[PDB]
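What follows is a single structure, written as structure tokens, with notes after it.
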Amino acid sequence: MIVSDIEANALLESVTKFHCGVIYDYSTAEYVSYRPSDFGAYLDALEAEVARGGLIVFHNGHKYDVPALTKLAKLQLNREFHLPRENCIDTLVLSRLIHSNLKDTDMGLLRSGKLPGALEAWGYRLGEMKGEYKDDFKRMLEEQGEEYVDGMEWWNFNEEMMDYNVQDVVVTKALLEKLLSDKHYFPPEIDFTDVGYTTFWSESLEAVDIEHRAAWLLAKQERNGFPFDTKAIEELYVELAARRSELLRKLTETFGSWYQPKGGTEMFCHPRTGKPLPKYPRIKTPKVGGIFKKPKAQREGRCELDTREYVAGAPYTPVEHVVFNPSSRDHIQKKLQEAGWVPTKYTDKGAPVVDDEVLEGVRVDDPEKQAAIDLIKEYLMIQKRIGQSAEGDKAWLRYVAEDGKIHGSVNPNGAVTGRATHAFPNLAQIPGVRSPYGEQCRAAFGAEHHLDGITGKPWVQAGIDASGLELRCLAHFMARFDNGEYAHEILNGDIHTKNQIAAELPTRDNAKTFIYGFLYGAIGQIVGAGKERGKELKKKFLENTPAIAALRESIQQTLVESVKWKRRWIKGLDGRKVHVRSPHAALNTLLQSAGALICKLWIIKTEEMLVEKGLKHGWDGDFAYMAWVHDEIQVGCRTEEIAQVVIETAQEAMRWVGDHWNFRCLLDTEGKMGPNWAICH
Amino acid sequence: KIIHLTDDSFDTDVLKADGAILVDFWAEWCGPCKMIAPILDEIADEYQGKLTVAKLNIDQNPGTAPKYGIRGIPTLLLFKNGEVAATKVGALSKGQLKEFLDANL
DNA sequence: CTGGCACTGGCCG
DNA sequence: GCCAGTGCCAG
Ligand SMILES: [Mg+2]
């Protein structure tokens with residue numbers, strides 16, 4: 001086993017030069033430094049470990065180091081270098097699995113101070129290394145009277161960079177051993193720093209293998225990117241901007257501008273008493289100024305006017321002119337109450353709630369102002385679309401790369417439950433086809449927007465989703481109590497009508513609304529009541545669905561004892577610990593984690609089966625994973641025939657996953673072929 | 001004797017009126033404005049011959065103030081034949097106001 | 001329930 | 001530039 005790390009001149013997307021590398025070999029217990037002219041030797045040493053059937057450890061190597069080395073080897077040495085997945089270990093992936101209850105900076109992409117909770121120390125240091133190096137570099141320059149430039153610290157190799165490279169490996173080795181000391185994931189009887197790759201994967205908890213396979217595949221997905229229709233979104237932006245302006249024109253006509261105190265530095269005191277009046281707006285008391293100018297003549301010596309507008313001692317209140325801003329909840333509240341609106345619910349900070357739900361219920365006398373509320377709701381929605389697609393810091397138009405694709409990031413295990421998190425931009429929050437402008441947004445993301453590198457023909461999209469996964473996971477867990485009754489109902493008959501009767505509900509739709517919310521630990525807005533009838537709905541449901549009550553009880557007795565815990569985690573499907581934040585959300589944690597691990601193994605198995613059938617993963621091949629959104633995947637396919645194969649293979653993989661973990665409820669998928677995400681919903 | 005203006009009557013009561021017109025732009029939430037209020041009542045009586053005193057509440061009449069670039073209140077604008085002759089911002093005292101009017105009338 | 005992120009508005013150098 | 005406060009979009 002060896003531990004390594006490299007320093008190069010840029011992020012993966014544009015890296016062109018290997019600066020240095022460091023390798024720690026457990027067999028010799030020594031560190032070896034490789035400078036720029038040693039690139040070839042660096043690569044040979046890694047390949048020697050692979051030839052021994054060994055293991056190579058990187059921190060974030062799955063997303064950066066490994067892919068960067070392949071790229072750099074070809075560019076600089078015209079050499080083909082491809083480290084196999086089975087020979088690589090990533091301490092960042094391991095940390096995210098073992099310390100899943102904690103956040104991390106995502107290697108410095110996120111500000112430490114903004115994250116909640118504590119941070120694992122070694123991982124914190126590794127993620128802050130670039131920032132520290134840049135600080136050491138900068139002060140060394142300014143001390144020499146040299147100006148610093150944007151990011152010159154990475155243009156050339158230098159010895160302090162080499163030192164940081166050595167330090168990274170020292171800390172990564174420390175992190176590694178800290179992670180390997182967790183006996184829940186690594187049996188104490190085995191020294192994992194002294195075994196071949198096959199032993200490492202087979203002797204460690206199943207979750208270790210699944211998380212590395214997921215990170216390897218998802219790094220590939222990020223590299224693939226999601227083909228994006230830039231032109232279509234620029235046109236949507238023009239359309240949205242035009243509607244925004246018109247709404248503003250109307251609203252600023254209906255709600256006029258006004259003045260607000262601003263710039264006051266002095267406290268206003270009662271002229272009579274002198275007692276401070278904190279409530280009154282701050283004032284300003286001019287020290288200089290008068291009616292006449294200080295004279296220059298015998299006529300005046302016993303006078304010219306002071307055109308200045310202030311008089312020493314005469315206080316005034318500084319004010320600023322403000323125009324109605326439809327995005328400001330404060331302005332909205334100000335104007336509507338002035339129209340007669342009387343708030344019914346405020347925030348913990350005293351401010352009145354101004355969300356879509358309350359706005360919809362606001363009633364004022366003036367018909368123009370009443371109708372203006374619809375304009376405000378529309379304006380707020382338009383702003384949300386404009387921010388996400390064009391103006392926001394993470395707008396789609398700001399992220400589209402030269403290859404015409406958006407390469408959103410994915411943290412394979414960013415959520416406590418085992419779900420992945422998506423960001424930069426978050427491709428798991430694109431407006432759905434049923435929401436305003438959703439069809440245009442969704443249509444802009446699609447395989448059709450990628451033209452084949454050889455034929456120039458657009459690719460086709462296969463959209464596959466797991467069917468009612470959450471409910472099937474519930475059926476699985478209640479099977480030890482109902483012997484598969486709930487499961488049998490799901491795939492044979494109607495489970496929603498079954499729950500409707502169970503919870504004395506009027507509409508079947510109310511059932512679906514009730515169930516997907518009962519699992520979220522939630523109220524009566526389903527029927528129209530609230531905080532009264534709701535209590536009666538739960539008791540009635542649980543009463544007619546004894547198996548769910550049994551499941552809840554069993555979960556509780558496992559975690560709580562009185563909050564005083566007996567164990568604050570649940571065992572996931574692959575054996576990992578899944579932190580339980582609250583006793584009431586325990587069932588949701590169990591269900592969401594089950595679905596997450598199922599979908600994770602599913603996408604891994606699906607790609608492996610496609611590869612075993614002879615299909616090549618990549619734009620230079622047959623298919624390309626473009627997005628994974630919890631229970632669905634969108635895959636680009638060179639041809640429709642391939643798309644049909646991907647759809648059929650994904651079903652086989654899901655059935656394989658259900659059998660693999662002896663699931664008590666049959667698992668299924670549904671797939672659609674089309675040109676983009678709008679059609680493949 | 002004080003004229004209470006509105007955005008719609010401003011043009012005719014001020015800009016197209018004869019004689020000197022002192023306009024006070026104020027707001028209910030301003031401390032200084034409340035200070036000078038009493039003073040203005042007494043000024044309207046004294047100069048009852050050669051001066052008309054008017055008030056414009058900027059909250060109830062949001063259209064006018066912006067046209068004169070109000071930056072603070074109370075703002076006193078002395079109009080003469082449809083135009084601003086003199087301007088002073090702040091809670092002037094009885095005496096100070098007197099001198100202002102005298103020196104500008 | 002688990003997440004990301006856009007806007008406004010206050011404080012700051 | 002930041003930190004909160006609020007709200008909404010996804011699953
Ligand atoms: Mg590194």
Side-chain angles (χ1 to χ4, degrees), chain A residues 100-101 103 106 109-110 112-116 244 260 262 320 322 324-334 345-359 377 379-396 398-399 408-411 413-438 441-442 445 466 468-469 473 515-522 578-596 599 627-633 677 681:
Chain A
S100 50
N101 54 306
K103 295 293 186 181
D106 186 36
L109 294 183
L110 296 167
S112 324
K114 180 178 177 298
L115 301 174
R244 173 172 61 182
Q260 283 184 177
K262 176 56 69 68
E320 80 180 320
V322 49
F324 182 70
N325 185 345
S327 284
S328 171
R329 310 287 173 158
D330 180 49
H331 291 187
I332 294 166
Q333 164 270 160
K334 182 182 182 64
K345 51 181 297 181
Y346 300 63
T347 58
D348 276 303
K349 194 174 184 179
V353 169
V354 185
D355 59 31
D356 188 69
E357 191 173 61
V358 304
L359 287 178
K377 301 218 314 301
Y379 185 99
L380 290 171
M381 174 261 94
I382 296 288
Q383 263 299 163
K384 183 57 102 66
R385 298 286 185 286
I386 290 177
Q388 177 170 31
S389 71
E391 308 186 335
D393 268 46
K394 307 291 175 52
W396 305 331
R398 296 180 189 293
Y399 272 101
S409 310
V410 178
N411 174 327
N413 204 57
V416 299
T417 54
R419 274 189 166 192
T421 62
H422 317 61
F424 314 129
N426 176 353
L427 301 185
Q429 69 184 169
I430 308 303
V433 296
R434 291 206 186 73
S435 66
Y437 299 105
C441 292
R442 226 76 181 189
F445 289 84
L469 192 53
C473 285
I515 190 63
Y516 294 119
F518 175 75
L519 305 182
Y520 289 10
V578 178
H579 182 68
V580 174
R581 289 167 170 170
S582 203
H584 79 287
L587 175 54
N588 173 269
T589 299
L590 179 75
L591 299 189
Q592 177 175 133
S593 179
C599 289
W628 174 38
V629 181
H630 309 299
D631 62 344
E632 72 174 287
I633 55 174
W677 213 344
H681 66 155

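The figures that follow rest on heavy atoms only: side chains count, while hydrogens, waters and symmetry mates do not. Per chain, numbering begins at 1; letters A, B, ... match sequence-line order.
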Next on the checklist: Measuring to OP1 and OP2 of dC9(D), would you say a side-chain N or O of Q388(A) lies under 4.0 angstrom away?
Outcome noted: no
Checklist entry - Can you check the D393(A) CG to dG1(D) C1' distance for me, whole Å? => result 12 Å
Checklist entry - Where do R398(A) and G392(A) come nearest, in terms of heavy atoms and distance? => result NE-O, 2.8 Å
Checklist entry - Which comes earlier along DNA chain C counting from the 5' end, the contact point of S327(A) or that of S100(A), where each point is its nearest nucleotide? => result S100(A)
Checklist entry - Which nucleotide, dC5(C), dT2(C), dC7(C), lies nearest any side-chain atom of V416(A)? => result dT2(C)
Checklist entry - Tell me: CG of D631(A) to P of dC1(C), nearest whole Å? => result 20 Å
Checklist entry - What is the ring orientation for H630(A) with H422(A), classed by angle as parallel under 30°, tilted 30 to 60°, or perpendicular over 60°? => result perpendicular
Next on the checklist: Quick check for you: among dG4(C), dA6(C), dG9(C), whose closest atom lies nearest to any side-chain atom of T421(A)?
Outcome noted: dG4(C)
Item to check | Side-chain donor/acceptor of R329(A) to backbone N/O of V354(A), under 3.5 Å | outcome: yes
Next on the checklist: Counting only side-chain nitrogens and oxygens, does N325(A) get under 4.0 Å of the OP1 or OP2 atom of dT8(C)?
Outcome noted: yes
Item to check | Side-chain touch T421(A)/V410(A), heavy atoms, less than 4.5 angstrom | outcome: no
Checklist entry - Can you tell me how far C1' of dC5(C) sits from NZ of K114(A), to the nearest Å? => result 8 Å
Checklist entry - Picking from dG9(C), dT8(C), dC7(C), which would you name as closest to the side chain of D330(A)? => result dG9(C)
Item to check | Phosphate OP1/OP2 of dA10(D): any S435(A) side-chain N/O under 4.0 Å | outcome: yes
Checklist entry - Strictly by modelled atom types, are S327(A) and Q383(A) linked by a side-chain donor-acceptor pair under 3.5 Å? => result no
Sub-3.5 Å pairs of nitrogen or oxygen atoms, protein against nucleotides 5-8 of chain D:
residue, atom, partner, partner atom, Å
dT6(D), OP1, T347(A), OG1, 2.6
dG7(D), OP1, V354(A), N, 2.7
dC8(D), OP1, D356(A), N, 2.8
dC8(D), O4', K384(A), NZ, 3.3
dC8(D), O2, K384(A), NZ, 2.8

Checklist entry - So which nucleotide from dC7(C), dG4(C), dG9(C) ends up closest to the side chain of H331(A)? => result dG9(C)
Item to check | Separation of atom CZ in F518(A) from atom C1' in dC1(C), rounded to whole Å | outcome: 14 Å
Item to check | N-O pairing of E391(A) and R385(A) below 4.0 Å | outcome: no
Checklist entry - How long is the line joining CH2 of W396(A) and P of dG4(C), in whole Å? => result 18 Å
Next on the checklist: Does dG3(C) have OP1 or OP2 under 4.0 Å away from a side-chain N or O of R581(A)?
Outcome noted: yes
Next on the checklist: In this structure, how many angstroms lie between the P atom of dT2(C) and the CG atom of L590(A), rounded?
Outcome noted: 14 Å
Item to check | Of the listed nucleotides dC1(C), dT8(C), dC9(D), the one nearest the side chain of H584(A) | outcome: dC1(C)
Next on the checklist: Please report the distance, rounded to the nearest Å, between OH in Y437(A) and P in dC9(D).
Outcome noted: 14 Å
Checklist outcome for this item: For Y379(A), the ring-ring contact (aromatic ring centres under 6.0 Å, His included) test, sequence neighbours excluded, returns none
Item to check | 4.5 Å side-chain heavy-atom contact, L469(A) and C599(A) | outcome: yes
Next on the checklist: Regarding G521(A), tell me which of base, sugar-phosphate or nothing describes its non-hydrogen contacts under 4.0 Å with the strands shown.
Outcome noted: nothing
Checklist entry - Please give, in whole Å, the distance from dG4(C) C1' to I430(A) CD1? => result 11 Å
